[PDB]
Amino acid sequence: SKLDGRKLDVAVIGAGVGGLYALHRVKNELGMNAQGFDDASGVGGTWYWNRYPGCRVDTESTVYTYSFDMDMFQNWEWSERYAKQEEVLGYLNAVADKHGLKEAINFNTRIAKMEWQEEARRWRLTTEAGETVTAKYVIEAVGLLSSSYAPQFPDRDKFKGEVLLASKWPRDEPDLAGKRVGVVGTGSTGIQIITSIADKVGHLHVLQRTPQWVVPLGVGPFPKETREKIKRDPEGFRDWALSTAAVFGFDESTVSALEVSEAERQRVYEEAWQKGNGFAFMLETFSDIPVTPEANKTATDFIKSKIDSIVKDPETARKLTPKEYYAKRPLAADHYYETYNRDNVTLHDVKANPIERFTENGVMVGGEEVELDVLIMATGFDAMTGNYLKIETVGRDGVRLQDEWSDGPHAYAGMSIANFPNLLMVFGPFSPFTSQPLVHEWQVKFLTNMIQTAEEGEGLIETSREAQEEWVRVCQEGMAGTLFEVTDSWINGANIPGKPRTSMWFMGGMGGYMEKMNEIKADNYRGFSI
Ligand SMILES: Cc1cc2nc3c(=O)[nH]c(=O)nc-3n(C[C@H](O)[C@H](O)[C@H](O)COP(=O)(O)OP(=O)(O)OC[C@H]3O[C@@H](n4cnc5c(N)ncnc54)[C@H](O)[C@@H]3O)c2cc1C
Ligand SMILES: NC(=O)c1ccc[n+]([C@@H]2O[C@H](COP(=O)([O-])OP(=O)(O)OC[C@H]3O[C@@H](n4cnc5c(N)ncnc54)[C@H](OP(=O)(O)O)[C@@H]3O)[C@@H](O)[C@H]2O)c1
């Protein structure tokens with residue numbers, strides 16, 4: 001192998017949003033000998049793999065975009081407000097084409113192991129094919145929502161049909177027309193598939209373990225007026241977006257739902273309902289919706305009244321009504337609840353009627369057979385830690401990341417890990433809960449500036465255990481003051497049997513994150529030893 005034996009300054013793991021910019025920064029902007037690695041055959045990460053029907057971003061294309069190339073930031077002709085998967089993938093390919101990244105990426109190359117060599121001051125990487133690559137620094141951009149999860153029901157051998165994984169959709173597009181199709185899952189992926197295929201399949205069986213509080217997305221044209229605002233001052237727009245908590249293209253509300261009149265609550269929620277977008281409904285309306293049960297109930301009572309008015313069959317309306325708080329990743333899709341009024345859609349509550357096993361012709365659900373041609377798993381991810389822990393990662397004195405993270409992840413600022421020198425993450429665990437591209441850019445700029453500083457001397461970046469544990473503690477405390485603390489979902493690991501259930505996010509928003517990180521940088525990179 002020509003790769004075998006290669007010696008790099010920087011290895012970038014991943015060629016999604018994070019890895020592409022990380023590689024551009026170290027190779028093109030900083031002039032380092034750097035290459036990327038991805039098990040995918042091309043760039044795009046998320047947008048390369050998730051080719052399922054209806055896949056689309058929930059962040060407006062004004063903010064789900066790079067800003068580092070100011071020409072593309074102001075002039076890329078996004079076709080609509082919320083870009084579909086193919087368009088995002090096309091954009092990432094155009095970025096990689098323009099900046100010569102593909103020639104510096106080793107595609108179809110999975111990193112199986114990385115081991116710190118203290119005397120050599122290098123990381124030794126082993127690919128799945130057994131090739132050895134060394135790098136002074138590793139920038140790990142393997143994604144928080146990249147390790148697919150799907151239950152394996154008994155007797156799959158008996159089933160004559162197809163079982164598809166939405167997050168690793170087949171490269172040859174499946175034929176769904178006229179078929180009996182089951183969808184397992186009603187998170188963001190499931191609701192996109194459901195609304196995309198309901199009028200194409202012969203019959204759609206929605207296998208719903210837990211309904212969530214869906215609001216409209218507001219699919220529509222690209223906001224020309226925001227783009228005019230950007231062109232006055234694209235850096236100012238970028239900086240404004242980063243100053244918000246979620247970086248979703250709006251200012252979060254500072255008004256408590258409980259300090260206004262009932263008429264104002266109704267006005268605000270109706271306005272947000274017509275505007276669309278789940279993050280806006282949860283955060284642009286009032287300030288305390290995911291904080292107190294009383295405020296949360298004003299929002300869910302509103303959504304419940306919509307469900308009841310839309311869904312013709314009352315029992316179906318009740319099955320679509322969650323019992324949990326509105327305290328998961330907020331969901332949005334257009335014409336969602338109306339789907340259940342179709343004569344070819346059946347909703348199954350598979351908490352009350354569990355999926356028991358496969359049969360020859362379908363699936364057993366609460367004691368009755370549901371005949372299926374196709375079963376689509378929209379079941380999410382071993383989130384946050386899944387793909388980090390798939391790389392055997394050996395740090396100082398042989399310490400294994402698998403052991404360090406045995407009770408949950410521990411990391412400093414979502415970018416470094418104590419006992420793993422010169423290993424930097426893009427948007428790792430304990431990052432802020434934000435839209436990702438503009439925040440990836442900010443983090444990449446922060447960590448590559450640390451690399452450049454390290455390269456002026458010894459070339460060693462170590463992170464303090466105490467700083468890491470204090471960062472983790474701040475994230476735990478922030479979660480513990482919200483309803484996310486008492487609402488199980490992938491956000492706290494509860495969706496994976498056996499997985500530690502714990503806080504894994506910084507909860508102060510991007511504005512608060514940057515303030516903390518800038519204070520750390522100003523205090524001679526407190527918690528880092530460079
Ligand atoms: C359906 C879906 C919709 C989403 N919508 C939004 C949205 O609207 N707004 C938003 O902000 N975020 C959204 N996200 C989050 C999305 O993950 C991020 O926006 C972003 O795409 C993540 O980029 P990344 O580079 O961090 O990781 P990824 O996109 O996951 O890319 C990581 C790449 O590295 C590969 N890789 C992993 N391990 C290895 C290894 N050992 N060796 C070699 N290669 C490896 C992976 O296979 C992958 O190709 C969505 C995610 C999904 C799945
Ligand atoms: N529109 C977008 O921008 C978009 C689209 C897709 C994904 N994403 C991102 O990716 C994240 C994950 O979304 P996702 O929908 O793929 O996954 P998800 O939010 O984890 O939802 C998974 C769904 O599958 C059900 N599920 C999991 N295991 C199951 C099992 N054994 N048996 C039956 N049902 C099971 C889950 O029910 P339970 O609730 O009972 O566990 C849930 O309804 C999103 O929250 C979001 O951050 C964004």
# chains A, B, ... in the order shown; residues from 1 in each chain; ligands from 1
>>> residues_near_ligand(ligand="ligand 2", cutoff="9 Å", atoms="only C-alpha atoms and all ligand atoms", output="JSON, numbers by chain")
{"A": [50, 54, 55, 56, 57, 58, 59, 82, 145, 146, 148, 149, 150, 151, 152, 153, 166, 167, 183, 184, 185, 186, 187, 188, 189, 190, 191, 192, 207, 208, 209, 210, 211, 212, 217, 328, 329, 330, 331, 332, 333, 350, 351, 354, 355, 377, 378, 379, 380, 381, 382, 383, 488, 489, 490, 491, 494, 495, 496]}
>>> residues_near_ligand(ligand="ligand 1", cutoff="6 Å", atoms="only C-alpha atoms and all ligand atoms", output="ChimeraX atom specification")
/A:13-19,37-40,45-46,50,55,57-59,109-112,141-143,145-146,189,387,391,435-436
>>> closest_residue(among="A:252, A:218, A:195, A:285", to="residue A:264", atoms="only C-alpha atoms")
A:285
>>> closest_residue(among="A:347, A:282, A:242, A:120", to="residue A:515", atoms="only C-alpha atoms")
A:242
>>> atom_distance(atom1="atom CA of residue A:227", atom2="atom CA of residue A:64")
12.9 Å
>>> closest_residue(among="A:434, A:529, A:353, A:452", to="residue A:244", atoms="only C-alpha atoms")
A:434
>>> residues_around(residues="residue A:300", least_positions_apart="3", cutoff="10 Å", atoms="only C-alpha atoms", output="CSV table (one decimal) with C-alpha atoms, in the first residue's frame")
chain,number,residue,atom,x,y,z
A,213,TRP,CA,-44.3,16.7,19.8
A,214,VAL,CA,-44.0,17.5,16.1
A,289,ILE,CA,-40.3,25.8,27.8
A,295,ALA,CA,-44.1,26.4,30.9
A,296,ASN,CA,-43.6,23.1,29.0
A,297,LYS,CA,-47.3,22.4,29.4
A,303,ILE,CA,-49.6,21.2,20.1
A,304,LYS,CA,-52.1,18.8,21.6
A,305,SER,CA,-55.0,21.1,20.5
A,306,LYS,CA,-53.6,21.1,17.0
A,321,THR,CA,-50.1,12.5,21.8
A,322,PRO,CA,-46.9,12.0,23.9
A,323,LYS,CA,-46.9,11.5,27.7
A,324,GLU,CA,-43.4,12.9,28.0
A,325,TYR,CA,-42.3,16.5,28.3
A,326,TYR,CA,-41.4,18.5,25.2
>>> select_by_dssp(residues="stretch 269-486 of chain A", states="strand (DSSP E or B)", output="VMD selection string")
chain A and resid 332 345 to 349 355 to 358 362 to 365 368 to 371 374 to 377 381 392 to 394 400 406 408 412 416 423 to 425 432 462 to 463
>>> write_last_selection(atoms="C-alpha atoms", output="CSV table (one decimal), in the first residue's frame")
chain,number,residue,atom,x,y,z
A,332,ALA,CA,-40.6,19.4,12.7
A,345,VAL,CA,-51.6,4.5,6.9
A,346,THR,CA,-51.9,2.5,10.1
A,347,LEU,CA,-50.3,3.7,13.3
A,348,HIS,CA,-49.2,1.0,15.8
A,349,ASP,CA,-48.3,1.8,19.4
A,355,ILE,CA,-42.6,-5.9,18.1
A,356,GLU,CA,-42.1,-9.5,19.2
A,357,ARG,CA,-40.4,-11.2,16.3
A,358,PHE,CA,-40.2,-11.6,12.5
A,362,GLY,CA,-43.9,-9.7,8.2
A,363,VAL,CA,-43.6,-8.9,11.9
A,364,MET,CA,-45.5,-10.0,15.0
A,365,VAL,CA,-46.9,-6.9,16.8
A,368,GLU,CA,-51.1,-10.0,15.6
A,369,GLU,CA,-49.1,-10.4,12.4
A,370,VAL,CA,-48.5,-7.3,10.3
A,371,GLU,CA,-47.6,-8.4,6.7
A,374,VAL,CA,-40.2,-3.8,3.6
A,375,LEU,CA,-39.3,-2.8,7.1
A,376,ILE,CA,-37.4,0.5,7.5
A,377,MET,CA,-35.4,1.0,10.6
A,381,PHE,CA,-27.8,6.4,16.7
A,392,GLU,CA,-9.5,1.5,19.7
A,393,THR,CA,-7.8,4.5,21.2
A,394,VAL,CA,-4.7,4.1,23.3
A,400,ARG,CA,-7.7,3.0,26.6
A,406,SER,CA,-16.7,3.2,30.5
A,408,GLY,CA,-19.9,7.9,30.0
A,412,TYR,CA,-12.7,19.2,27.8
A,416,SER,CA,-9.7,17.4,23.9
A,423,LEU,CA,-5.8,14.3,20.0
A,424,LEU,CA,-8.3,17.0,19.1
A,425,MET,CA,-12.0,16.5,18.4
A,432,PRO,CA,-22.8,23.1,22.9
A,462,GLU,CA,-2.0,17.9,26.9
A,463,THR,CA,-5.3,18.6,28.7
>>> select_by_dssp(residues="stretch 65-231 of chain A", states="alpha helix (DSSP H)", output="PyMOL selection string")
chain A and resi 70-75+85-98+188-197+224-231
>>> residues_around(residues="residue A:176", least_positions_apart="6", cutoff="9 Å", atoms="only C-alpha atoms", output="PDB file with N, CA, C and O atoms, in the first residue's frame")
ATOM      1  N   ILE A 197     -43.118   9.049   1.979  1.00  0.00           N
ATOM      2  CA  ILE A 197     -43.508   7.832   1.271  1.00  0.00           C
ATOM      3  C   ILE A 197     -44.963   7.453   1.458  1.00  0.00           C
ATOM      4  O   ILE A 197     -45.403   6.500   0.805  1.00  0.00           O
ATOM      5  N   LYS A 200     -46.893   7.015  -1.681  1.00  0.00           N
ATOM      6  CA  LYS A 200     -46.273   6.163  -2.685  1.00  0.00           C
ATOM      7  C   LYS A 200     -46.409   4.676  -2.394  1.00  0.00           C
ATOM      8  O   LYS A 200     -46.494   3.878  -3.332  1.00  0.00           O
ATOM      9  N   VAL A 201     -46.432   4.290  -1.128  1.00  0.00           N
ATOM     10  CA  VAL A 201     -46.488   2.875  -0.773  1.00  0.00           C
ATOM     11  C   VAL A 201     -47.925   2.375  -0.884  1.00  0.00           C
ATOM     12  O   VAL A 201     -48.887   3.148  -0.867  1.00  0.00           O
ATOM     13  N   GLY A 202     -48.068   1.049  -0.989  1.00  0.00           N
ATOM     14  CA  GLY A 202     -49.399   0.470  -0.946  1.00  0.00           C
ATOM     15  C   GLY A 202     -50.056   0.657   0.408  1.00  0.00           C
ATOM     16  O   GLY A 202     -51.221   1.054   0.504  1.00  0.00           O
ATOM     17  N   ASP A 373     -43.716  -6.084   3.121  1.00  0.00           N
ATOM     18  CA  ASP A 373     -42.694  -6.303   2.104  1.00  0.00           C
ATOM     19  C   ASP A 373     -41.354  -5.726   2.535  1.00  0.00           C
ATOM     20  O   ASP A 373     -40.297  -6.303   2.246  1.00  0.00           O
ATOM     21  N   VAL A 374     -41.390  -4.590   3.220  1.00  0.00           N
ATOM     22  CA  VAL A 374     -40.201  -3.829   3.569  1.00  0.00           C
ATOM     23  C   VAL A 374     -40.373  -3.322   4.988  1.00  0.00           C
ATOM     24  O   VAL A 374     -41.446  -2.832   5.354  1.00  0.00           O
TER      25      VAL A 374
END
>>> atom_distance(atom1="atom CA of residue A:116", atom2="atom CA of residue A:398")
8.0 Å
>>> atom_distance(atom1="atom CA of residue A:450", atom2="atom CA of residue A:422")
9.9 Å
>>> closest_residue(among="A:94, A:105, A:247, A:139", to="residue A:448", atoms="only C-alpha atoms")
A:139
>>> residues_around(residues="stretch 473-479 of chain A", least_positions_apart="5", cutoff="6 Å", atoms="only C-alpha atoms", output="list in words")
residues 485, 503, 505, 506 and 507 of chain A
>>> closest_residue(among="A:276, A:501, A:337, A:128", to="residue A:318", atoms="only C-alpha atoms")
A:337
